[PDB]
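**Q** just coords:
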């Protein structure tokens, strides 16, 4: 789960705890990453719905234009290709929490649909006129200023406010450098756990080399550098020579 | 309908006058929930009080189903119409219908609405049969309709038919005396909905709310208030709990 | 029907001249409902007064059904033609038809109308059978048709055939002596259809109406009047009850 | 038909009398009007085919793009809409005269078909390979300088030469003011005769008022002014006040 | 057939006699005129195929884009409208001569099909894979510089050289004035014979009037002026007064 | 058969003899002509695949976009028009040599297919997924610089290197004047033999006229001049007067 | 593999360290045969050396069958699919697949590829059934992927998945000590597949080959070599047989 050390991150987890015990929609802003989903589950496991299902969907990763079809579901013959009936992600997240990752990639028409789901607390599959009563807690993320996206006319203003009741800005890695070392060691361990290998120590100069890199790719880039260093050290003591950043 | 500003009370005074009549009411101003509740205020003060109240947001209907929802359709009137379905005008029989954000209707859809208003009857899509209509019409626009007409995006004849009695529900910053009662209203109905006790708002917090221009109006006030309730852990809302934009 | 201005009376005097005949009357001037009441006046003053009077607005028919309603259509003449249907020309047999806003016809629709006027025959879309017509034709336009012809949007041959006896029904500000009698008529017919006793207008209210340029003409006057009746609560309309966009 | 008095118009009828005796194609030039057809009928009744049929078609007045279909005819199913077999206008004008009014409205493809009709003296209906022998004399009109229209590439040069064997330019009404008074009297007469009314006289001042108007609408406009004067005079003596022109 | 008198034309006919005796493809260039296809016929009847068929097709006059279908022929159903099988123009000109008039109107694809016909000396109908063996001599014309047309990418270079073995340029009427008087008389004769009328002569003053006109329409215009003159002269002797030129 | 005399031409035939013994792909460059095919035929007859089939296809002469269809072949119903099965040019060239004349006319997709054919030594018809083992030597031509064509992104680089293993640039006729006279005589020869005529000689002055013309049309243009001269001389002695160049 | 240049030897040394793992390898540099020779080296040095090795060039598949051949497809999944067909991933089960020139995939194919890497399972086109995959992934680009991501033509998330262990296989001029061993190698395999004795390369020819920049790299060297063998009549290759760009 969430492993931090920087004071700004600790403050952000503190806020995450306050909103967790409620049913408010959480908007996780900041650069795109995987932490956002690490917090989403954290919020879930801290919410009164910890035993409920946790469903995640990335609105910027679904090919063949099946974002709409995945969210709301569809009946047999709702569109060219719909060979079967299929429950939406909202249905699978009944009594639990759904995560709409990268929500800023929804077209204006899809937002108008999503708005109705939030308002009516009911969902209807594509090609269906039957509504489904919904008890689902909604989380969402965005790597861009939604307020300006509303101004640009690419996002609904009404939907914007309904989702920004409790925004949390999960910052880049360079703005929380105290998180780098705990995160680095965490990646080393979980990768050693995959292969039954003992976790190796990490050199001081290696750490200093990591702390002083701006990390434009954030956690995703850190995971690469670490995994790369583990290859170089052959799962052994990693030193500054094993740390190859874009420098 | 929670108001307190003297200019808002004047507006409710006008609303009480048209309520007694069957006149088309156009509620102007910025988009919001108020235009929706001020329309239902009129209904409950109208001779059609006990009648049905139908609302439709022309800027919120997905899949281009605005026309199909208003007038209804017969089976197979368009690709996807797998059943018969009455229009919102039919559902508003003997009562009131609200055409929220009416400026979103295309010129063709305006021509159909015009026919409905003048002939007091409606026809479903893919239907030749007219249905006699006894419906009081309310509408809403966040645009200057006259400027919209002159821009050639709105029918002039339809404009005058809907603009016999325009009420302009202003922005929240030009009716600041409504802000404190509104906030307490928003807190209450949110707490009641969640089965929680209603907290009060500290004097400093009120001052903080009154001096914000509210570019998002009521929709933003509900935001701030719901956020404050989370920060206050459902306790009394202090100035520290009110985050506006920074 | 309800005029008092000397230039309006002189126009109705001209209306009686053509009424006796079967000549095509072109009614020019601002887009209004007043044009239809004069065309009714022409009909009721014509030897076809006992015949039918059918009106059609060429700028108010949705779903591109202007051609379909004028000429009629057989079953399956177009995708949607689910039945046979007589045109507006057939219904006006032995009487008078009013082609309101005739400047909205596409050049192709004009060529078909020209065919009807010349041969005194009509044929439904889908049909090759022509129907002998005995119909007197009236038309309107808020547009300089001569200018429209030069702009290549209107047929020159059709123009001259309809411009035998052009009558220009002027704007409301160019016939202000009609304003006061018209205002009382709008009050009377509105109150009567709502079962309310008819109120009169205060002198100050009259002067206020006479000195407004009326960019919306009779359509706008009806708005202001109905608005005043709401404000006056069906009492005597005072100067304060008259809210125009000054 | 025909009512002239101007010296330049009398010469033009004199020319019409010469081609009438022949089978030559006549191109009637000048501004569009009814006079174009009444001279075509004058030629026909002065022609050896005077007992033959006279067929007229306005190429600029046939709706639904039925120009080609009306001229050549069509068998059942030649195009989407052909629910029957139908003879062409050329077939109807067999042994007589056909009038192609405003011929400059034909597309270059339609011209190519008309060309082969003039050359081979045969016509084929749309959707038919069966050719029909034709004994038809051809007349045509145009409000356009066909030579300029040829040079512009909108008209076939070869067709231009077959049709402009004997051009006759029926001028604007202002270039033949001596025709105005006889023409006005003709209109007053035929209207009153159509209603069984006695023909009224026309004041000298009314005549002079008509003579000094340029008539941009030519004969078509004159007919309007005359009718309007009859309406105003109540079929009575037309005076210099029943003549409403422009102002 | 050929009615010439100018030494310029006589030298061309002299050249025509040489190729006639051979099977070489003749390219007749010069302004578009009926004049050519008289030479094409002269070439044919002076050729060893004088008893064979003579088929002429004008590539710029075939309506409804039926150039390719009439030249190659089709089987039933080769295109929308083909309700039967139909031999091409090449098949009809078997053992004789075919004339491809205005060959510069063929699109690059049609040209590629014609090229293959010249090489393989066999043709296949549209919608047909069976190839018909041919023994046809090919003649062609063009009113434009084919070389320039090749450089403009509107004509195949290989096809150009196959057809331009023996190019004969049939000049404008003004560049061979001594042909005018004999041509004029021939146009009067064949027109007067066509209508069963006695053929008249042309006055000397009328002759000189014809000789000093540049003839931009060439012999299509000369045939026009003549037919118009015969109308005015009432089939009598043509005087200069009867000759109305466009100038 | 290759008839040359220029020292630069003899060098290319010397090179051609070296590759003929091998199985390498030969790219013949220079202006488009027929001499490129008679070199392919030469290379074939000098190759160990001499007795094998020689199949030639011009990629710039196949109408109706049937280039891809004729090369690879197709099964019944591979495209709208494929009414039967049909073997490709590669199949017909089994155990022999194929000539891809003007290969620069292949679209990038068709090039990617040809590349696979060269690599895997297999071909499959359109609409078929069964592949056919190939034993075919590939020769190709191009009237343009393939390197610039690759740089222009209109030709695959990898394919360019597979085809330009042994490029031979067959120059224009002006860069090898010593070939003109032997070529011209050869043309006079074979053009006589097809008619059963005795071969005539060509005057010294006439030869000199040939040598000093730049021949922008090369061999194709030379053949025209020769044929034209034979027509003018009536298959007799050719003099400088019979030689009409574009001058 | 040939290799003699210190640069290439260090790259192969790095290849050995990543071979023993299941990490995705990114082989960068100009397009050539050498990339797949390294991808095969990585395989034969990996614990999956006895497993299947599947190669697919994303820039060489005709008729847009890149997505189809990679993922596989059920019958009639697209207009052309007349049969079921397993994808390249299915064929590379328990072994290694090489996605050659991966920068040619469109953003959609990249999204599909991403899910395959994440979930370690694939589903054919027109199929809902997911196939569990034990497949090691190698990839190749002749393009700066980082820049390609910034240009918005490549997914950033997919980029970092593949950029765990990037290896840049340089141009032939940046590793000249490989030229001579590579040259003799190309002669050897070309002569052996043609049933000819292998010729040697003269000292003067070697230096002539060493001082050419090789913009076409190995593909050009193989080209130049094969041409030399023809000129040498399969004899020893002299500098006179080396035709480059003179």
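**A** Structure received. Residues are numbered from 1 along each chain as shown, chains lettered A, B, ... in the order given.

**Q** how about residue A:98: what's its closest non-neighbour residue?
**A** In this structure, residue A:98 finds its nearest non-sequential neighbour in residue A:55, 4.7 Å apart by Cβ to Cβ, 6 or more residues apart in numbering or on different chains. For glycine as for every other residue, the C-beta is placed from the backbone atoms N, C-alpha and C.

**Q** what does the one you found show for phi and psi?
**A** When read as degrees, to the nearest 10, the backbone of residue A:55 gives phi -120, psi 130.

**Q** same check on residue A:235?
**A** phi 60, psi 20.

**Q** okay, now the residue in chain A that chain D sits nearest to: neighbour count?
**A** For chain A and chain D, the shortest gap (Cβ to the nearest Cβ) falls at residue A:80, measuring 27.5 Å. Residues near residue A:80, counting by other Cβ atoms under 10 Å in any protein chain shown, number 5.

**Q** same check on residue A:51?
**A** The burial count assigned to residue A:51 is 9, neighbours taken as other Cβ under 10 Å.

**Q** tell me which element it is part of?
**A** Under the assignment given by DSSP states H and E, residue A:51 is not contained in any helix or strand.

**Q** okay, it and chain F: tell me how far apart.
**A** Between residue A:51 and chain F the distance, using Cβ to the nearest Cβ, to the nearest Å, works out to 53 Å.

**Q** and for residue A:204?
**A** Applying Cβ to the nearest Cβ, one obtains 49 Å for the distance of residue A:204 from chain F.

**Q** one step back: what sits against the residue of chain A closest to chain D?
**A** Residues touching residue A:80, when contacts are defined by Cβ atoms under 8 Å, 6 or more residues apart in numbering or on different chains, are absent altogether.

**Q** SS state for it?
**A** When classified by DSSP: H, G, I helix; E, B strand; the rest coil, residue A:80 comes out as coil.

**Q** circling back to that earlier point, how much space between the residue nearest to residue A:98 and residue A:64?
**A** Noted for residue A:55: a distance of 20 Å to residue A:64, by Cβ to Cβ, to the nearest Å.

**Q** out of these two, which sits in the more crowded spot?
**A** In this view residue A:55 and residue A:64 are compared by other Cβ under 10 Å, and residue A:55 has more residues nearby, 20 against 11.

**Q** my read: that one touches residue A:97, true?
**A** Yes - using Cβ atoms under 8 Å, residue A:55 is in contact with residue A:97, at 7.2 Å.

**Q** tell me the domain ranges of chain A?
**A** Domain assignment for chain A, taken from curated CATH domains, gives A:1-173, A:174-247.

**Q** among those, which is nearest residue E:107?
**A** Comparison of the domains of chain A against residue E:107 by Cβ to Cβ identifies domain A:1-173 as nearest, at 37.2 Å.

**Q** measure that closest one end to end?
**A** End-to-end distance for domain A:1-173, by Cα to Cα, to the nearest Å: 17 Å.

**Q** and the residue nearest to residue A:98, how far from chain B?
**A** Separation of residue A:55 from chain B (Cβ to the nearest Cβ) stands at 22 Å.

**Q** how about the contacts made by that residue?
**A** Contact analysis of residue A:55 by Cβ under 8 Å, 6+ apart lists A:89, A:92-93, A:96-99.

**Q** spell out which parts of chain A neighbour chain D.
**A** Contact residues of chain A with respect to chain D, defined by Cβ under 8 Å from any Cβ of the partner chain, are absent.
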